[PDB]
């Protein structure tokens, strides 16, 4: 039942909604969610493509924007920034109730910038200013250029959702870039206590890529095992003396966020990823149908750290089979960028 959302918050995990639309906000639905255990919102270009195509409240906005001399991208941004700013206002009470530790809304930069660090910084700074809300995160793909940009954006005081992570190695690189940006602010006497970063580590895509060719005992297991191992890495990194020295001065830890947590194989229970990945100081962003399913028949238990030995043994067998999870992660990140760019191009065409 609905109280499962509060039970998960007591276990130290925030549940966010991986969807956004003009009607979700305007109808009052988002505000009602924020009073009843949803703690944040994520978007991406596919989410906006579907919202713009299906939500009747965009029609008049598009008609208005087509009367102006604006590029398709500008029309999209005017729409999306307005939705994000409105959602930020809905989430502000929650955000301020935790001292700025919850209640975030994420907006992603253009996919075509993913391998351009300077262009990413420029767009992220601009979108941060355009939204004009303390509880907005700019979503940036975790390519090498994105990790370069992360360091700069953190040093600028901007909260960031680093997305399309599938790799423990790339995640650790992100933590190091974050720490460098925080250290640069502390050295300059600037505040750090309101800078928040999430590392959005994608789940279902790993199982989708591997399961058809895995043995029986591994089908549907690899994504969860990787996530468990990533969380162990997180505990080690952020408790080390180097980070503790920053946290003592007000720095916030990055938090792992489980994304792509809708189940995509009907052979697995629809709450598998949410149920299996609950642990302290994490986030799980879920699509509507998965949120529904979790409220109806999910389970709130601290599962993320259970059976870490089995996760290690499974990852050793994945390697034994010749699956290089770092090679896989790069291909999945590439896949995901292509897919997001395809969605973005699909949403721009009706805005010409």
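Numbering follows the first chain given and starts at 1.
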Higher mean Cα B-factor in the deposited model: 159-167 or 94-102? 94-102
Greater mean Cα temperature factor according to the PDB record, 338-346 or 12-20: 338-346
From the list 270, 207, 89, 275, select the residue with the highest C-alpha B factor recorded in the entry. 89
For 126, 139, 194, 228, the deposited C-alpha B-factor is largest at 194
For residue 67, the third of its chain by CA B-factor is the highest
Using only modelled residues of the chain, where does the Cα B factor of residue 31 rank: lowest third, middle third or highest third? middle
Residue 53 - which third its CA temperature factor falls in, relative to the rest of the chain: highest
By its CA B factor, does residue 323 count among the lowest, middle or highest third of the modelled residues in the chain? highest
Is residue 37 in the lowest, middle or highest third of its chain when residues are ranked by C-alpha B-factor? highest
